[PDB]
Protein chains: 2
Amino acid sequence: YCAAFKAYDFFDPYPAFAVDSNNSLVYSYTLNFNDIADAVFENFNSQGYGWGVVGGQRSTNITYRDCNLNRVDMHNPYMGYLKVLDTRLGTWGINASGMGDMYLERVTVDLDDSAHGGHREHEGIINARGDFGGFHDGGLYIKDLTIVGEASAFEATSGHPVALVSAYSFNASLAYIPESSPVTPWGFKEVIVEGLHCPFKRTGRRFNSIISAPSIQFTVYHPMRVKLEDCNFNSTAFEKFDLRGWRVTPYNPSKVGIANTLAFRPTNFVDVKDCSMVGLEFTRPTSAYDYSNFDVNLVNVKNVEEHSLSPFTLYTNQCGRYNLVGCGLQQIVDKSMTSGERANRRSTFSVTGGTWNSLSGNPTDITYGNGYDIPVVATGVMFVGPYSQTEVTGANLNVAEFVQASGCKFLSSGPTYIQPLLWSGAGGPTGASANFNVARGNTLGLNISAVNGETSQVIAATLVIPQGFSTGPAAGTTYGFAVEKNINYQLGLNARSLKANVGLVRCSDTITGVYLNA
Amino acid sequence: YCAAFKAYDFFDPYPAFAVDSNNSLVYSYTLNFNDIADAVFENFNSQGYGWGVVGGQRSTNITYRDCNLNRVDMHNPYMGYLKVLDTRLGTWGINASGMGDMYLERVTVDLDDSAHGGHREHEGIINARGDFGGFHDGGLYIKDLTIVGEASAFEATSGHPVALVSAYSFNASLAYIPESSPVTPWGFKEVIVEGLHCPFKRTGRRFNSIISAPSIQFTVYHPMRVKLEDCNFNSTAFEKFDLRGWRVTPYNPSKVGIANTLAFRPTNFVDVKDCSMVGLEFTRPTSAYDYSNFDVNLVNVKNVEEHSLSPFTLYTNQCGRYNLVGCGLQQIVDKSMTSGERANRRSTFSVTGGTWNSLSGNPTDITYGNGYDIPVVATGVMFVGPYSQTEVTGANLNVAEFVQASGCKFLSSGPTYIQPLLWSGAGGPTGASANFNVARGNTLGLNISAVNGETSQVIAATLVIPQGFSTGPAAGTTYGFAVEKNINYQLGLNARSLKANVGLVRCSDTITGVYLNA
C-alpha cells in the first residue's frame with residue numbers, strides 16, 4: 001500500500017539460492033511488493049544464479065530504469081503500463097500477466113542457466129503467468145533487444161531452445177478465465193519487435209518458436225498482430241511460427257470450415273520487414289482447432305550473414321495469403337518440416353521484384369491438389385537456377401507449370417540470358433505427342449522451320465495460353481515473306497483448372513521447339 | 001532569467017479551478033517562467049480539472065521527464081528543442097508555438113473533460129498558439145503515443161471529436177506573420193508519428209482530422225511532409241485529411257492552374273504504412289486556395305480489428321498521385337463524403353499486389369470526365385466480389401472499363417476462379433450490336449463456335465485492345481484444324497481517350513461470348 005515513491009541503488013552481490021530436501025529450487029525474493037502505484041526503481045543490483053529476485057502483485061505504473069536484475073516478475077496482473085528501460089536481465093527474463101501495455105527499450109538478456117539443471121518454469125523469454133491462465137490483455141512493444149548466451153542446460157532436458165514469447169496455462173482446471181469474466185483471453189494482443197541483435201553466432205535456430213503455446217490446455221488466443229522489423233537472428237536454421245496450442249480465434253466463433261483463403265475474412269496478421277533469417281515456417285493447428293486465416297507480408301527478407309547463404313525458403317502449412325516484395329527468395333514449399341503435413345486448403349502467393357535464386361533445385365514444391373487452384377504470380381523477377389535453352393530440364397518444366405510470369409528474366413550461369421525450353425521434336429501437320437503442364441496466362445514461343453517449293457525461312461511465333469473461358473485449344477496464324485504463305489499452328493489443351501495440359505503439337509509447317517516467352 | 005537548473009518532486013493534489021462572475025474558466029498556473037535556458041523538470045504532479053498548470057515564454061532547451069501534468073504550454077515560441085518524455089498528460093495536451101523541434105516519447109493523454117462545460121481553447125491535442133498566428137517553424141516527432149478517454153463534452157457542444165494536430169489563428173488582424181519577417185509561416189514543418197495506441201474501442205472516428213485548420217484566417221501553410229506508421233485508430237468510421245483553411249503552398253507562388261498532376265511539381269507528401277483504419281479521405285480546399293499537388297504512398301493498409309471488417313476504402317477529390325502496395329483495398333471513390341464534391345482535376349492511381357475485395361459492390365466509383373483520362377493500373381491483384389462467368393453483372397463491366405489489369409485473378413464465392421463475362425450473343429458475319437467500354441491495354445478472350453460443311457470445332461481466341469495510336473478497330477486471325485479454314489474476327493471501337501467503346505461484334509463464324517482475359 002505505497003504510492004508516489006522512488007527507490008535507488010540497492011546492491012546485492014549475488015541472489016539467494018534456496019533449495020528443499022530434494023535439492024530443487026524454491027522461491028526467494030530480494031524485492032516483493034503488493035498494491036503499489038507510481039513507482040520508480042533505479043540502479044538496482046541483484047544478478048546471478050537462483051530464483052527470481054522480484055515479485056510483484058496488483059500494481060500500477062511500474063518503471064524500471066538502469067537496473068541489473070535476473071528477473072522482472074508479476075504474479076497478479078498489473079494495470080496501466082510496465083516499463084523496462086536500459087536494463088540488463090538474467091536468464092528468467094520477464095514473467096508478467098497484465099491488463100496493460102509493456103514497453104522495452106535497450107534491454108540485454110543473458111540466457112546462461114548452467115547452475116540450474118533443468119527447472120525452466122516458463123519456456124520463453126517474455127512470458128505470461130502459467131498459474132493465472134497465461135493471459136495478457138494488452139500489447140507488447142520492444143525496441144533494441146539484445147540476446148546473449150544459449151541456455152544449454154534447458155535444451156538438454158527439453159530438446160529445443162527457449163522461445164521468444166510464450167503464453168499458456170499449466171492446468172486448465174486450476175488456472176483459466178471463466179466464460180462470464182469480462183477479461184478477453186488474449187495471449188498477447190499485439191507483439192511489435194523493432195531491432196533484435198544477436199552478436200554471437202548460433203548453430204541451429206535462435207528460438208524454438210516466436211510465439212509458443214507448448215501445452216495442451218488451449219486457454220488463450222494467438223496474438224492478433226505480430227510485426228518484426230530489423231531483426232537479425234544470426235542463425236543457421238529456419239525460424240518458425242508454431243500455431244498448435246492456441247484457442248480458437250474469436251474472429252471465427254461459429255467454426256466455419258474454410259475451403260479457399262479468399263472466401264473468408266483474415267483472422268491473424270504477420271509482417272516481416274528488413275529482417276534476416278535463413279527461412280520461415282508456418283505450422284497449422286491440429287483438427288478441432290484449425291479455423292484460422294492468416295495474412296502475411298514479407299518485405300526485403302534475405303540472409304545477410306556470410307555463413308548461411310543469401311536466399312531464404314518459405315515453408316507453409318496454414319491457409320492464408322502471402323505477399324513478397326523485393327525479397328531474396330529461394331523456394332516455396334507447401335509443407336511443414338516440423339510435422340510433415342502437406343497442407344489441406346487453398347492459399348495465394350504473390351511475388352513482386354527481387355531475385356528468385358533456387359540454386360540447384362526447382363523454384364517451387366507444391367503438391368496439394370497437384371498444384372491446381374494455387375495462383376502463384378510473379379512480376380519483374382530475375383530467376384537464377386538450373387535453366388537451359390537447349391535441354392529440357394526439371395527446373396524449366398517446374399517454373400512453367402506453377403508460376404505465371406510477366407516481364408521476367410532467366411540466367412543459369414553465363415553472362416547473358418536464356419529462354420527455357422519446354423519441348424523439342426517435329427510438330428508436323430498430323431500432330432506430335434507432347435505431355436507437359438503450363439500455367440494459363442503464360443506466353444509461349446515456337447521456332448518454326450517453314451519450307452516452300454524451293455525456298456525456306458525461319459519463323460518466330462508467339463502464342464498466349466487462354467485463361468480457361470472456353471474448352472478450345474490454343475492456335476494462331478502468321479505470315480512469312482520469301483515463302484509467300486501462311487503458317488498455322490495449334491496446341492491441344494486439356495482442362496487442369498488453373499493450369500492446362502499440352503497433349504498435341506500441330507502445325508502446317510514443322511515446329512522444332514516450344515519456349516517459355518516470359 | 002534562470003539557466004542550468006533542475007526541479008524535482010513537486011506534488012499538487014489537484015490544480016486550481018478558477019472562474020469569473022459568469023462561471024467560466026480563467027487562467028491559473030502552478031509553474032510559470034520567462035527567459036530560461038537548459039532547464040529540466042522531473043516528477044511534477046499536478047493533474048485534474050482546471051486551467052493548464054504550465055505557462056512559459058521565450059525559452060531554450062526545455063525538458064520534461066516522468067511528469068504528471070494536465071498541460072504543457074509555451075506562449076512565446078521556444079528555440080532549440082522541447083522534449084516531453086515518459087509523461088502523462090491531461091485533456092489540454094500540448095500548446096506551443098515554436099522556432100525549433102518538438103519530441104514526444106511514451107506519452108499518455110487522457111481526454112476526459114466532464115467538469116468543463118465544453119470549452120476548448122484549441123481543437124486538437126498538439127497545437128500551435130492561436131493567439132500568435134498558429135505557426136511552428138520546425139518539425140514534430142512523436143513516438144509511442146497513447147490515447148484514452150473521449151472528450152465527450154466538447155464533442156456534444158461542437159458535434160465532432162478533437163483533432164490530432166492543429167495549427168491556426170484566432171484572428172488574422174491581431175495575430176499573423178508580416179511579409180517582411182524572416183519567419184516562414186509553416187503550420188508544422190514536418191509531422192512524423194510512429195506508434196499510436198487506442199486501447200478502448202470508439203464508435204465513430206477517433207479524430208476529426210489528422211492535421212486541422214478549422215478557421216477561415218489562412219495564416220500558415222499546410223505541413224510539407226506527413227508520415228504515419230503503426231497507428232491503430234480502433235474506430236468504426238474512416239479518418240480524413242482535411243485540407244481546408246490553409247495558406248497557399250510556397251511551391252506554387254504564382255498560382256498556376258494544374259490540369260493533370262503530372263505537368264506540375266508535387267507540393268505536399270503523405271506516407272501511411274502499416275496503419276489500421278476503416279478508410280481514408282482527402283478533401284480539397286475551396287477555390288482561391290486549391291493549388292496543391294499531393295504525393296501519397298500507402299503500404300500495407302487494412303483494418304485488423306474484429307468489429308469493422310478488413311478491407312478499407314479510399315476517398316479523394318484532391319489532385320495528386322496515389323500509390324498502393326500490398327493493401328487490403330475495398331473501393332476507390334473519387335469523391336469526398338464530408339463535402340459531397342466530386343473532382344475537378346486528373347489524378348493517377350497505381351495498385352501493386354494485395355487483395356481487392358469489393359464485398360457486394362463495384363471495385364471503383366469514378367465519375368469525373370466519365371472516368372476517361374484516369375489511368376487506374378493494377379498488377380498482380382486478387383479480385384473478390386460479385387463476379388460471374390455465366391451471367392453479365394455490374395462488377396464485370398466496372399472492372400473491365402475502369403481497371404487495366406495484368407496477371408490478376410477473380411473469385412466470387414467458390415473454391416475456384418472465374419473469368420468475368422462481358423457480352424453474350426451471336427456474332428455472325430453481318431455483326432451483332434454491343435455496347436460496353438473496355439480500357440485500352442486489356443486482353444479480351446472470345447468463345448467462337450466454328451462450323452464447316454459437316455464438321456464443327458470450338459475455338460478459343462485472344463485479342464488485345466490497341467492503345468490508341470490509330471483509329472482502326474481491333475481485329476485478328478486464327479486457324480482451326482478439323483475444319484480446315486481460318487477464322488477472322490473484329491471488334492468495332494469508338495475512341496474515348498484512354499478507353500474504347502465496343503459497338504459491333506463481327507466474325508466469319510459465330511461468337512457466343514466475350515470474356516475479360518486477365
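Details of the structure are given in the entry above.
Here is a short report on the structure shown in this document. (Residues numbered from 1 in each chain as written, not as in the entry; some residues may be left out. Chains lettered and ligands numbered in written order. Part of a larger assembly, values for the part shown. Heavy atoms only, no water.)

Some remarks on unusual backbone geometry
In step 1: One non-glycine residue, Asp35(B), lies in positive phi territory at about 60 degrees.
In step 2: Here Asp35(B) lies in the loop between β2 (31-34) and β3 (36-46). (Helix = DSSP H or I, 4+ residues; strand = E, 2+ residues; numbered from the N terminus.)

Some thoughts on the sheet that holds strand β35 (residues 485-496) of chain B
Residue and element names in this part refer to chain B.
In step 1: Strands sit in the order β31-β36-β35-β34 across an open sheet of four strands; the sheet is antiparallel. At either margin of the open sheet sits one strand with a lone partner, and together these are β31 (432-439) and β34 (474-480). When the angles between neighbouring strand axes are averaged without regard to direction, this sheet yields 25 degrees.
In step 2: Bridge count for β31 against strand β36 (residues 499-507) is six bridges, and the pairing is antiparallel. (Pairing = 2+ DSSP bridges. Axes fitted to C-alpha atoms, helices over the stretch in contact; angles between N-to-C directions.)

Topic: the pattern of salt bridges
In step 1: Evaluated as defined, the whole model comprises 48 salt bridges over all chains.
In step 2: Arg71(A) is the partner of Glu121(A) in a salt bridge, and the nearest nitrogen-oxygen pair spans 3.2 Å. Placement of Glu121(A) in the loop between β11 (93-110) and β12 (124-127) and of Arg71(A) in strand β9 (residues 71-85) is noted, with a sequence separation of 50 residues between them.
In step 3: Between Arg71(B) and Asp73(B) there is a salt bridge, with the nearest N and O atoms lying 3.7 Å from each other. Per residue, the accessibility class of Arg71(B) equals that of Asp73(B), and both read buried.
In step 4: What you see here is one network of salt bridges that share partners, running through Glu42(A), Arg65(A), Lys83(A), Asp86(A), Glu105(A), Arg106(A), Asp66(B), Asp86(B), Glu105(B) and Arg106(B). (Salt bridge = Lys/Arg side-chain N within 4 Å of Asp/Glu carboxyl O. Buried < 20%, exposed > 50% of the residue type's maximum accessible area, 1.4 Å probe, protein only.)

Brief notes about the interface of chain B and chain A
In step 1: Tallying the contact residues gives 63 residues for chain B and 63 residues for chain A.
In step 2: A combined buried area of about 5,000 Å² lies between chain B and chain A, and 51% of that area is made up of carbon and sulfur atoms.
In step 3: There are twelve salt bridges connecting chain B and chain A.
In step 4: Among the ionic pairs, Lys273(A) bridges to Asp274(B), the shortest N-O distance being 2.7 Å.
In step 5: Linking chain B with chain A are 21 residue pairs in polar contact, by the criterion used here.
In step 6: No other element matches strand β33 (residues 456-464) of chain B, which puts five residues into the side of chain B that touches chain A. (Contact = heavy atoms within 4.5 Å. Buried area = accessible area lost by both parts, 1.4 Å probe. Polar contact = N/O pair within 3.5 Å; in protein donor to acceptor, adjacent residues only side chain to side chain.)

Re the environment of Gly50(A)
All names here are of chain A.
In step 1: As for its placement among the helices and strands, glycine 50 is situated in the loop between β5 (45-46) and β6 (54-57).
In step 2: For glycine 50, a relative accessible area of 0% corresponds to the buried category.
In step 3: Linking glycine 50 and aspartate 113, residues 63 residues apart in sequence, is a C-alpha distance of 9.3 Å.

A short note on the relation of the copies chain B and chain A
In step 1: In screw terms, the move from chain B to chain A is a rotation of 120 degrees and a rise of 0.0 Å along the axis, fitting with an RMSD of 0.2 Å. Expressed as a symmetry operation, the mapping of one chain copy onto the other fits a three-fold axis. Considering only C-alpha atoms, the residue of chain B closest to the rotation axis is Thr477(B), which sits at 3.6 Å.
In step 2: Interface overlap between copies: only 13% of the residues of chain B at the interface are likewise at the interface in chain A, consistent with a contact formed by different surfaces. (Least-squares fit on C-alpha atoms.)

So, the packing of aromatic side chains
In step 1: For the coordinates displayed, the defined rule picks out 41 aromatic pairs over all chains.
In step 2: With 5.2 Å between their ring centres and 45 degrees between their planes, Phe238(A) and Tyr315(A) make a pair best called tilted. Of this pair, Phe238(A) sits in the loop between β17 (225-231) and β18 (239-242) while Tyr315(A) sits in strand β22 (residues 312-316), placing them 77 residues apart in sequence. Residue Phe238(A) shares its accessibility class with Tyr315(A), and that shared class is buried.
In step 3: Here the guanidinium or amino end of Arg205(B) rests over the ring plane of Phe238(B), the centre of that ring lying 4.7 Å away. (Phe/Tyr/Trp six-rings, centres within 6.5 Å; stacked < 30°, edge-to-face > 60°. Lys NZ or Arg CZ within 6 Å of the ring centre and 35° of its normal.)

Here we look at the pairing of strand β28 (residues 376-379) of chain A
As a general feature of sheets, a regular strand has side chains that alternate between the two faces.
Residue and element names in this part refer to chain A.
In step 1: Bridge count for strand β25 (residues 348-352) against β28 is four bridges, and the pairing is parallel. For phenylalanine 349, the partnering residue across the bridge sits in β28 and is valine 376.
In step 2: Pairing between β28 and strand β30 (residues 403-404): two bridges, direction parallel. Bridge pairing in β30 links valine 377 to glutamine 404.

A look at the sheet that holds strand β39 (residues 510-516) of chain A
Residues and elements named next belong to chain A.
In step 1: On the basis of which strands lie adjacent, the open sheet formed by four strands has the order β32-β39-β34-β35 and antiparallel pairing. The sheet is open, and its two borders are formed by β32 (421-424) and β35 (456-464), each paired with just one other strand. In this sheet, neighbouring strand axes are inclined to one another by 20 degrees on average, regardless of whether the strands run parallel or antiparallel.
In step 2: Bridge analysis of β32 against β39 gives three bridges, and the strand direction is antiparallel. Bridging from a neighbouring strand, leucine 421 pairs with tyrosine 515 of β39.
In step 3: The strands touched by helix α2 (residues 394-402) are β32 and β39; relative to β32, the strand with the most contacts, the crossing angle is about 110 degrees.

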